[PDB]
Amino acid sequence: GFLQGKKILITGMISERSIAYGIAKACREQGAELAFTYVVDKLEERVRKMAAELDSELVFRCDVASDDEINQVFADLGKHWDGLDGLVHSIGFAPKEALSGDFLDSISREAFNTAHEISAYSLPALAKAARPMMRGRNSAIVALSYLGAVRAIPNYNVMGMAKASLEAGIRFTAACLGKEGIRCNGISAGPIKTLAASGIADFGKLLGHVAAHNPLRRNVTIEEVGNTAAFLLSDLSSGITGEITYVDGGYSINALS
């Protein structure tokens, strides 16, 4: 197992459809020891149960809107773990009304701020809070992004701006932390039916177009995303930092198919 001895904190696992669940399962299959966060109290039981199936009893509340909660996660986790080898950012949010229809009609200052704070700022915020536990460990951060960072896409709207901010965040974090032995990389995943995906108007059509038009002629799975994250969290990828890797069956590199 190529993550033997790695201790990895995973955000964003709320169901077995979650990308973070695929990541968790892939990492555990490679021998990682896991810990998890959940955004609100209502989810605690569900997440503890999934964590238990993945051999973990380390679960912490963390709304990334809160610097106090972010910092408290690492304080609490630090009582159990000497250091942190892996950090998975698999979280995003924007108000549903901002992800439907005309980009300018649907945008607002408040939706823009929320989308960026939760979807983009949270990466440097978590990296910063994790830094004492991660530095010097030859450790790694993986964050999830989407093609909307670099292409205009119907309905994704302000989340595209937030993902672009996130990808730049990945690059700046990588440049910041590389000398102290922390890597930071992104996965730009193709569409996958998850709980959050239903917030994007006409998600079913995005999903269908990609399967019809990508080189693989099918959509990717949370196992495929998960195995890629596991690689990027492992010492196998020690030469790679500041990279965005596309796990979309080649969709982004194809045109007019």
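Numbers follow the displayed sequence, beginning with 1.
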(request) Identify the stretch, either 196 to 204 or 62 to 70, whose C-alpha atoms have the larger mean B-factor according to the entry. (result) 196 to 204
(request) Would you tell me which stretch averages the higher CA B-factor in the PDB entry, 243 to 251 or 6 to 14? (result) 6 to 14
(request) Can you pull the Cα B-factors for 232, 47, 222, 189 from the entry and say which is highest? (result) 47
(message) Maximum C-alpha temperature factor per the entry, among 96, 116, 151, 109, belongs to which one?
(response) 96
(message) Going by the CA temperature factor in the PDB record, which third of the chain does residue 56 belong to: lowest, middle or highest?
(response) highest
(message) Using the temperature factors of the C-alpha atoms in this entry, rank residue 144 within its chain: lowest, middle or highest third.
(response) lowest
(request) Using the B-factors in the PDB entry, rank residue 174's C-alpha atom against the chain and give the third, lowest, middle or highest. (result) lowest
(message) Ranking every modelled residue in this chain by its Cα temperature factor as given in the entry, which third contains residue 160?
(response) lowest
(message) For the chain shown, is the CA B-factor of residue 183 in the lowest, middle or highest third of its modelled residues?
(response) lowest
